[PDB]
Amino acid sequence: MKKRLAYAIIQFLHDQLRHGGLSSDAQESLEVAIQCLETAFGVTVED
Amino acid sequence: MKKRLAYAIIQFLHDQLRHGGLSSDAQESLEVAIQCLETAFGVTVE
């Protein structure tokens, strides 16, 4: 599995969640996606 | 451009779903993430 690519994707999504100009519904979807990606790939982004 | 990157990411995640050497459980989690991203970014890949 490509954990380092997954990590970078999670970084991008965290950024979109806060700064992407998405609707509140889209943000909710991204939050679940991030949790699911963290679980699937066994990574979380460092502080 | 953020949609275009989102699109590239969705394609990559679809590829990982099949090719990424995930457990059955991890693959389910990835499936949920893919649905969520497709919904959030308004792009769906078959």
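Each value, and the rule that gives it
- Counting of residues begins from 1 for each chain and follows its sequence as written, which need not mirror the entry numbering; any residue without coordinates is not displayed.
- Working convention: letters from A go to chains and numbers from 1 go to ligands, in the order in which they are written.
- Where side-chain values are given, they derive from all heavy atoms of the structure, hydrogens and water being excluded.
- Each helix corresponds to a stretch of at least 4 residues labelled H or I by DSSP, and each strand to a stretch of at least 2 residues labelled E; elements are numbered beginning at the N terminus.
- Exposure is judged per residue with a 1.4 Å probe applied to protein chains only, and the accessible area is read against the type maximum: over 50% gives exposed, under 20% gives buried, and values in between give partly exposed.
- Accessible surface is estimated by sampling points in the Shrake-Rupley manner with a 1.4 Å probe; for residues, cover comes only from the protein chains shown.
- By the convention used here, residues are in contact when the closest approach between their heavy atoms is within 4.5 Å.
- Whenever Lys or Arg places a side-chain nitrogen within 4 Å of a carboxyl oxygen from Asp or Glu, that contact is recorded as a salt bridge.
- Polar contacts, as counted here, are pairs of nitrogen or oxygen atoms within 3.5 Å of one another; within protein the pair requires one atom able to donate a hydrogen and one able to accept it, and residues that are adjacent in sequence qualify only if both atoms are side-chain atoms.
- Polar here means any residue other than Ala, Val, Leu, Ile, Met, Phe, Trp, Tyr, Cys and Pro, which are nonpolar, and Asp, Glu, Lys and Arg, which are charged; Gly is therefore polar.
- Each residue after the first adds 1.5 Å to the expected span of a helix.

- Method of determination, as given in the entry header: X-ray crystallography; reported resolution: 1.400 Å.

1. Structural notes on the overall build of chain B
Phase 1 of the analysis: The helix and strand inventory of chain B stands at two helices and zero strands.
Phase 2 of the analysis: Along the longest, intermediate and shortest principal axes, the C-alpha atoms of chain B span 30 × 15 × 15 Å.
Phase 3 of the analysis: Taken across its 46 residues, chain B has 46% of its residues classed as buried.
Phase 4 of the analysis: Taken as a whole, chain B presents about 2800 Å² of accessible surface, with 51% of it coming from carbon and sulfur.

2. Points about the interface of chain A and chain B
Interface extent is often summarised as the accessible area lost during association of the parts.
Phase 1 of the analysis: Counting residues at the interface gives 19 residues for chain A and 20 residues for chain B.
Phase 2 of the analysis: Taken together, the links from chain A to chain B amount to zero salt bridges.
Phase 3 of the analysis: At the junction of chain A with chain B, the criterion picks out one residue pair in polar contact.
Phase 4 of the analysis: Contributing elements (two or more residues each) for the side of chain A that touches chain B: helix 1 (3-19) and helix 2 (24-41) of chain A.
Phase 5 of the analysis: Among the elements that make up the side of chain A that touches chain B, the one with the highest residue count is helix 2 of chain A (ten residues).
Phase 6 of the analysis: Of the residues assigned to the side of chain A that touches chain B, the class counts are 14 nonpolar, four polar and one charged.

3. Structural notes on helix 1 (residues 2-19) of chain B
Phase 1 of the analysis: Helix length check: helix 1 of chain B, at 18 residues, gives a terminal C-alpha distance of 25 Å against a target of 26 Å (1.5 Å per residue), a fit within 8%.
Phase 2 of the analysis: Of the residues flanking the end of helix 1 of chain B, it is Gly21 of chain B, one or two places downstream, whose phi is positive at about 65°.

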